[PDB]
Number of protein chains: 2
Amino acid sequence: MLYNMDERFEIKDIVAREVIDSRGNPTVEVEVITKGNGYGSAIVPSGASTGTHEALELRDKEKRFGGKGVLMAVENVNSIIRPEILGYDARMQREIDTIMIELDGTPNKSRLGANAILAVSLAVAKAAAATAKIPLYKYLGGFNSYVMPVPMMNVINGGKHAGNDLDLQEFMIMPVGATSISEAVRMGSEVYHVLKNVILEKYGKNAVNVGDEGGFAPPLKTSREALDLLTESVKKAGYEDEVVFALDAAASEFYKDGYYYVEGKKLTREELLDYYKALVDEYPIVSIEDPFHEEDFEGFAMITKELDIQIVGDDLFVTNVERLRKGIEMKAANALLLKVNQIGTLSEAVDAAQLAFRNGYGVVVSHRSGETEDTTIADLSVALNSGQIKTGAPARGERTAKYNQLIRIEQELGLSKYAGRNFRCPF
Amino acid sequence: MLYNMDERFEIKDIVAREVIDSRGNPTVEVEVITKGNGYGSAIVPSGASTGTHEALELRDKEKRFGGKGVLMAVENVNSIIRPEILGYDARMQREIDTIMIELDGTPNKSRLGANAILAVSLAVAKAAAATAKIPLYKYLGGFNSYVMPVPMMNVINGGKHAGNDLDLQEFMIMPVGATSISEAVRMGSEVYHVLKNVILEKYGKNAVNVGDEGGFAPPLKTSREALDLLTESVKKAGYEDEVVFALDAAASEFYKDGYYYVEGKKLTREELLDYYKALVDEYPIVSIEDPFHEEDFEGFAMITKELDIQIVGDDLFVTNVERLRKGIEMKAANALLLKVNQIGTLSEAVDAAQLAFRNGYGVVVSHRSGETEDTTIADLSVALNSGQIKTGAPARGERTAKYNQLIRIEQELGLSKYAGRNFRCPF
């Protein structure tokens with residue numbers, strides 16, 4: 001319709017640059033401005049430049065920055081993508097994402113880089129929203145974007161790079177009993193601080209430094225020890241009835257040649273499944289991410305059918321539609337861990353979220369280990385009314401920036417709804 | 001003059017809210033918008049609610065957030081400060097800061113809170129700059145703002161809360177040999193990652209978690225051990241001739257009844273001075289912060305005269321103009337550590353910087369232990385052409401956000417000057 005034509009949404013300029021993430025590694029930032037002076041800026045988190053199914057970032061692999069520079073991806077934005085979308089209607093998100101996908105030419109965006117493409121994709125959306133003068137989450141998800149997500153906070157770290165002897169990767173708290181995102185953030189922070197002091201008093205002043213996501217790595221060796229510590233902290237914080245637990249097993253990490261090595265024992269899939277069953281019977285664990293290795297679709301289906309909780313597929317799906325579709329057909333897992341930079345564009349990410357949603361799956365909007373001060377996933381979680389977000393412990397700016405943005409969004413909304421106990425389907 | 005009157009600069013609205021900092025503790029954020037639609041937003045870092053010489057933050061002391069809530073400070077902005085400056089010319093920074101100072105009425109802003117006052121002070125400046133359409137650093141320091149600062153990066157932590165047995169608080173690397181802020185950030189990051197690997201191979205996988213400012217806390221006991229590790233890392237990184245060292249002794253922390261307890265010894269001021277002197281003679285240490293306790297002006301004058309390096313007064317001055325003047329008259333120290341939230345307003349902070357500058361003192365624009373995603377100090381260091389900034393290790397979003405802002409400013413300038421080895425006086 002000609003009445004919708006508006007020169008103000010035409011992209012006037014686009015600029016990309018190399019900045020650093022929360023771990024000191026390079027990453028891409030892109031700025032976009034329209035003729036109507038609508039400004040958008042986005043920074044993508046770090047991802048993978050090598051992988052079997054996810055979209056791949058383009059890394060320079062030169063001497064500088066340990067071979068992790070992104071000058072090539074930046075140049076791709078400034079010299080290759082830019083001329084193809086200058087003057088384009090910023091509102092045509094899917095068309096712009098498609099132009100980039102086709103320009104790259106490869107299924108996994110390995111030529112121009114998933115980091116270059118996603119940075120532009122996010123910046124364009126922000127610039128269009130700014131030009132329309134519609135809050136970002138409203139522009140992304142329509143007028144009916146109002147559900148604040150329950151945050152899954154990784155406060156106790158495990159795995160081979162945590163420092164301790166814990167096999168499971170993430171032990172998280174979820175303030176499902178809070179009545180607002182503001183309260184949820186406070187409960188999380190208070191529990192985090194009680195936990196810090198419990199660890200300090202019990203393990204010493206040398207045991208409270210933090211991991212990449214802000215969580216602690218106390219000297220524990222069993223899941224029950226970690227869960228007992230969380231329980232102790234939650235109880236002492238005073239939120240026993242409002243906080244539940246979520247786990248990210250990242251089982252592929254302790255799986256090898258047919259067996260899972262947990263707490264000094266070699267377990268078969270069935271044995272690990274009973275291991276999980278016991279934990280769920282002993283603690284308020286409402287969600288388990290990657291209970292089995294990244295290719296065990298059958299295993300995922302088994303635990304999804306046997307347990308009555310949320311089973312999140314992370315490495316199992318790597319935000320890949322084809323793998324998600326296979327999971328849905330097999331009833332493998334009942335939730336998708338959504339990592340926007342694993343797929344490459346906003347259009348694709350939302351399409352993936354919709355496929356999950358429409359087949360009864362929950363969607364967990366997720367951060368990456370290497371994050372930035374960019375807070376797009378906060379707006380995205382509200383735009384999708386996902387009901388849940390995973391963006392770190394309530395510490396470290398690349399994590400707290402999201403929590404603050406969630407707080408701002410909640411205040412900006414006249415009437416909002418905190419997903420709470422209905423985090424899977426907040427409707 | 002009548003032609004300078006412009007309704008576009010009138011403050012149209014002001015809103016304050018409680019968000020959280022990088023450690024999960026509450027802090028104040030303020031938004032300001034002018035009639036001309038110029039928008040500004042700022043978040044203040046952690047400070048001190050008790051003291052006898054510095055501006056005091058206002059904390060709620062309620063059950064929530066461990067008594068660290070700032071709802072009162074927020075209400076002071078929304079209900080007390082707001083009505084007094086609504087409609088005021090945003091360009092009149094000193095006038096607005098003065099209004100808040102007099103409205104509070106106390107010598108240390110302890111009634112309304114230094115956190116409430118500074119948040120407004122900063123947000124107003126940003127809104128004014130946005131209205132004028134002048135880059136923030138240019139609006140703050142005039143057209144001649146173009147010097148990019150040398151960053152002092154705290155990569156090895158010490159002190160009673162670091163986790164190890166190091167007496168000195170901060171062991172920093174300074175890429176004085178870089179040719180741009182972009183290269184400086186890269187050098188810092190590369191050395192940081194080499195350091196991380198050296199600590200891993202020497203002390204194990206459980207020794208690389210980070211402190212509040214992103215630095216590591218290896219199990220060391222002596223300054224030489226710490227300095228040898230930095231030397232080893234810098235060499236492996238290949239920057240022997242481009243990276244030098246800076247120390248923050250925070251000597252007040254280990255001072256008691258006339259003596260300094262360092263490395264299992266009880267030293268007098270004079271013996272501690274020789275301690276520092278020996279280190280400077282063995283390592284490329286170009287700056288030492290707070291070598292003696294916060295009231296030892298005489299001691300500072302002594303080491304400043306005996307050594308030929310930069311001696312920074314931090315706790316000694318607590319960004320207090322009167323204390324700085326006393327130091328200048330006594331030739332105590334030759335650099336000021338500038339913490340805007342230690343004084344309370346932009347106007348006062350800049351006046352303190354000028355007093356230092358004009359008396360041959362260097363000025364190190366600094367962050368606080370509890371930081372946020374706010375990047376104002378990046379623009380401030382350039383506005384003041386300070387030549388040096390202390391904003392953390394190249395890790396953790398509340399630190400990396402500043403480095404990214406410096407990279408952005410450097411690119412926007414076109415023609416910029418990296419202070420380099422002339423960090424004290426880049427002219």
# chains A, B, ... in the order shown; residues from 1 in each chain; ligands from 1

call {"tool": "residues_around", "arguments": {"residues": "residue B:27", "least_positions_apart": "5", "cutoff": "10 Å", "atoms": "only C-alpha atoms", "output": "list in words"}}
result
residues 17, 18, 19, 20, 21, 22, 43, 44, 45, 46, 47, 57, 58, 59, 68, 69, 70, 71, 73, 74, 115, 116, 119, 370, 371 and 372 of chain B

call {"tool": "write_last_selection", "arguments": {"atoms": "N, CA and C atoms", "output": "compact mmCIF listing (two decimals), in the first residue's frame"}}
result
# COMPACT_ATOMS: atom_id res chain seq x y z
N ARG B 17 15.70 5.66 38.90
CA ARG B 17 15.27 4.31 39.22
C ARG B 17 16.40 3.57 39.89
N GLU B 18 16.06 2.46 40.54
CA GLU B 18 17.04 1.64 41.21
C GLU B 18 17.39 0.45 40.31
N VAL B 19 18.66 0.34 39.93
CA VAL B 19 19.13 -0.77 39.11
C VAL B 19 20.24 -1.44 39.94
N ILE B 20 20.93 -2.43 39.38
CA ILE B 20 22.00 -3.08 40.13
C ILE B 20 23.35 -2.90 39.47
N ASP B 21 24.42 -2.90 40.27
CA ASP B 21 25.75 -2.75 39.71
C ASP B 21 26.39 -4.10 39.41
N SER B 22 27.66 -4.07 39.03
CA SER B 22 28.40 -5.27 38.66
C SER B 22 28.60 -6.30 39.76
N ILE B 43 24.33 6.11 35.14
CA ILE B 43 24.26 5.23 36.30
C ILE B 43 25.52 5.51 37.10
N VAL B 44 25.39 5.64 38.41
CA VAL B 44 26.56 5.90 39.24
C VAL B 44 27.10 4.61 39.82
N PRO B 45 28.42 4.55 40.05
CA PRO B 45 29.09 3.37 40.61
C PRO B 45 28.96 3.30 42.13
N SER B 46 29.44 2.21 42.72
CA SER B 46 29.39 2.04 44.17
C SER B 46 30.26 3.10 44.82
N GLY B 47 29.88 3.51 46.02
CA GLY B 47 30.66 4.52 46.73
C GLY B 47 30.80 4.15 48.20
N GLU B 57 27.21 8.41 49.85
CA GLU B 57 26.07 7.86 49.14
C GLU B 57 24.98 7.61 50.17
N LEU B 58 23.73 7.60 49.73
CA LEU B 58 22.63 7.33 50.63
C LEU B 58 22.15 5.90 50.39
N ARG B 59 22.16 5.09 51.44
CA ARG B 59 21.71 3.70 51.38
C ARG B 59 20.48 3.61 52.28
N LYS B 68 21.42 -2.35 51.36
CA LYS B 68 22.07 -1.51 50.36
C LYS B 68 21.13 -0.90 49.32
N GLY B 69 19.82 -0.93 49.59
CA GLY B 69 18.88 -0.35 48.65
C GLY B 69 19.11 1.15 48.51
N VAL B 70 18.68 1.73 47.39
CA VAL B 70 18.85 3.16 47.17
C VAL B 70 17.53 3.82 46.77
N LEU B 71 16.43 3.27 47.27
CA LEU B 71 15.11 3.80 46.96
C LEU B 71 14.93 5.22 47.50
N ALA B 73 17.37 7.51 47.80
CA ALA B 73 18.13 8.36 46.89
C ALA B 73 17.31 8.57 45.62
N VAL B 74 16.68 7.49 45.15
CA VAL B 74 15.85 7.56 43.95
C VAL B 74 14.67 8.50 44.17
N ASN B 115 24.94 9.82 45.57
CA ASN B 115 24.53 8.99 44.45
C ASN B 115 23.34 9.60 43.70
N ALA B 116 22.43 10.23 44.43
CA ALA B 116 21.28 10.87 43.79
C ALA B 116 21.76 12.10 43.01
N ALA B 119 24.08 11.25 39.84
CA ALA B 119 23.32 10.65 38.75
C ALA B 119 22.64 11.74 37.91
N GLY B 370 32.63 -1.33 42.43
CA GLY B 370 31.31 -1.71 41.97
C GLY B 370 31.00 -0.79 40.80
N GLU B 371 31.09 -1.31 39.58
CA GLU B 371 30.83 -0.50 38.40
C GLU B 371 29.51 -0.89 37.73
N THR B 372 29.18 -0.20 36.65
CA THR B 372 27.96 -0.48 35.91
C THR B 372 28.27 -0.43 34.42

call {"tool": "interface_residues", "arguments": {"of": "chain B", "to": "chain A", "cutoff": "9 Å", "atoms": "only C-alpha atoms", "output": "ChimeraX atom specification"}}
result
/B:17-26,64-66,160-164,182,185-190,192-193,204-212,214,216-217,219,371-373,393-401,403-405,407-408

call {"tool": "select_by_dssp", "arguments": {"residues": "stretch 12-122 of chain A", "states": "helix (DSSP H, G or I)", "output": "ChimeraX atom specification"}}
result
/A:64-67,71-85,93-104,114-122

call {"tool": "select_by_dssp", "arguments": {"residues": "stretch 296-378 of chain A", "states": "strand (DSSP E or B)", "output": "list in words"}}
result
residues 310, 311, 312, 313, 335, 336, 337, 338, 362, 363, 364, 365 and 366 of chain A

call {"tool": "residues_around", "arguments": {"residues": "stretch 131-136 of chain A", "least_positions_apart": "3", "cutoff": "6 Å", "atoms": "only C-alpha atoms", "output": "JSON, numbers by chain"}}
result
{"A": [38, 128, 139]}

call {"tool": "write_last_selection", "arguments": {"atoms": "N, CA, C and O atoms", "output": "short mmCIF file (atom, residue, chain, number, x, y, z; two decimals), in the first residue's frame"}}
result
data_model
loop_
_atom_site.label_atom_id
_atom_site.label_comp_id
_atom_site.auth_asym_id
_atom_site.auth_seq_id
_atom_site.Cartn_x
_atom_site.Cartn_y
_atom_site.Cartn_z
N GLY A 38 16.55 7.48 12.73
CA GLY A 38 16.28 6.42 13.69
C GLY A 38 17.60 5.68 13.86
O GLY A 38 18.15 5.16 12.88
N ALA A 128 14.89 0.57 12.96
CA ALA A 128 13.53 0.65 12.44
C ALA A 128 12.57 1.01 13.58
O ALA A 128 11.70 1.86 13.42
N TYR A 139 8.13 -3.50 18.83
CA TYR A 139 8.41 -3.58 17.42
C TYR A 139 8.75 -5.00 17.02
O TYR A 139 8.31 -5.51 16.00
#
